[PDB]
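Visitor: Okay, handing you the structure first.
Read-outs: derived from the displayed coordinates by stated rules, not from any lab. Note that each Cβ is placed from the backbone with ideal geometry, even for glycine, and that neighbours are counted across all protein chains shown.
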Amino acid sequence: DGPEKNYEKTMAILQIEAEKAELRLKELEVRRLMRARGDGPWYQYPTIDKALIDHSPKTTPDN
Amino acid sequence: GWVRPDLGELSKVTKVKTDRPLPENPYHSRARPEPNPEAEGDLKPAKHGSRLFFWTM
């Protein structure tokens, strides 16, 4: 085929490879922030579910 | 005039018409922490796939 096709195909290849490199670096950064701060969907470690608390009147009033 | 309560009457849960206001924060609770933001939006396929090393899907 003509040189144009290899040229354009190289361009498309390079575009998606560069976007993948950028996405990989951004993923690493998002991972670091999420693991350090715990305000993202990731690294959500379990805490006790508050629906397990019984709020019924106890035998003594101060509880 | 004092009639003696029957079996079970003294164990009833009754109601009292009090004038005292209902306590607002009997537990003296702190403000609860703000929750992590929820997930919104529709799922789109992974951009260029897994992007694991040399894999293209």
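Visitor: Say each of B:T14 and A:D49 gets a label point 7 Å from the Cα, pointing the same way as Cα to Cβ; how far apart are those two points in nm?
Guide: Taking the simple label geometry, B:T14 and A:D49 are separated by 4.0 nm.
Visitor: What do you get for trypsin sites (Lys or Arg not before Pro) in the stretch A:10-63 restricted to DSSP loop and a cutoff of at most 15 other Cβ within 10 Å of the site's Cβ? Intermediate values should be presented prior to the final figure.
Guide: Numbers: sites: A:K20, A:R24, A:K26, A:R31, A:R32, A:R35, A:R37, A:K50, A:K58; in loops: A:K58.
Loop-located and lightly packed - A:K58.
Visitor: A 24 angstrom limit on the alpha carbon distance is what I want to check against. Which of A:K50/B:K12; A:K26/B:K47; A:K50/B:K44; A:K58/B:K12; A:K20/B:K44; A:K26/A:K50 exceed it?
Guide: On the way: A:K50/B:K12 30 Å; A:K26/B:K47 13 Å; A:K50/B:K44 33 Å; A:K58/B:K12 16 Å; A:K20/B:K44 16 Å; A:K26/A:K50 35 Å.
A:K50/B:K12; A:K50/B:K44; A:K26/A:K50, as the Cα separations exceed 24 Å there.
Visitor: Cβ under 13 Å from A:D1's Cβ, A:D1 left aside: what net charge do those residues give with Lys, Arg +1 and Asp, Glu -1? List each step's numbers first, then the result.
Guide: Details: positive: A:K5, A:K9; negative: A:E4, A:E8.
Around A:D1, the surrounding residues sum to 0.
Visitor: What residues from the stretch A:35-62 fall in the zone where the backbone N is under 14 Å from a label point 7 Å along the Cα-to-C-beta line of B:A39?
Guide: Only A:40-44 fall inside the zone, counting backbone N under 14 Å.
Visitor: Here's a follow-up. Report the local net charge at B:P35: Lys and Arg +1, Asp and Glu -1, summed over other residues whose C-beta lies under 13 Å from its C-beta.
Guide: -1
Visitor: Further, regarding this structure: Give, rounded to the nearest 20 debye, the magnitude of the charge dipole that chain A has about its Cα centre when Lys and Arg contribute +1 at Cβ and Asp and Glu contribute -1 at Cβ.
Guide: Numbers: 11 positive and 12 negative charges, 55 e Å.
Charge dipole of chain A: 260 debye, to the nearest 20.
Visitor: Quote the Stokes-Einstein diffusion coefficient, in whole µm² s⁻¹, for the protein assembly as shown, based on the Kirkwood radius over alpha carbon pairs, a temperature of 10 °C and a viscosity of 1.306 mPa s.
Guide: Using the Kirkwood radius from Cα pairs, D works out to 70 µm²/s.
Visitor: A follow-up question, please. I need the fraction of alpha carbon pairs in chain B separated by more than 14 Å, rounded to a whole percent.
Guide: Details: 1309 of 1596 pairs.
The proportion of pairs with Cα distances above 14 Å equals 82 percent.
Visitor: Rounded to whole Å, give me the distance from the Cα center of the stretch B:18-52 to that of the stretch A:4-63.
Guide: The stretch B:18-52 and the stretch A:4-63 have Cα centres separated by 16 Å.
Visitor: How much FRET efficiency would the formula 1/(1 + (r/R0)^6) give for B:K47 and A:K5, where r is the Cβ-Cβ distance and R0 is 25 Å, rounded to 0.05? Could the numbers behind the result be given before it?
Guide: Values: r = 25 Å, r/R0 = 1.00.
After rounding to 0.05, the efficiency reads 0.50.
Visitor: Using only the C-alpha atoms of chain A, find the volume of their convex hull and express it per residue in Å³.
Guide: Values: hull volume 7.3 nm³, N = 63.
Enclosed volume per residue, from the Cα hull, is 116 Å³.
Visitor: Given R₀ = 22 Å, what would the calculated FRET efficiency be for B:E24 paired with A:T60, taking r from the Cβ atoms and rounding to 0.05? Please list the in-between numbers first.
Guide: Details: r = 22 Å, r/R0 = 1.00.
That gives a FRET efficiency of 0.50.
Visitor: Could you size up the charge dipole of chain B around its Cα centre, putting +1 on the beta carbon of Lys and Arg and -1 on that of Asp and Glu, and report it in debye to the nearest 20? All intermediate terms of the calculation are to be shown ahead of the outcome.
Guide: Values: 10 positive and 8 negative charges, 22 e Å.
In total the dipole reaches around 100 debye.
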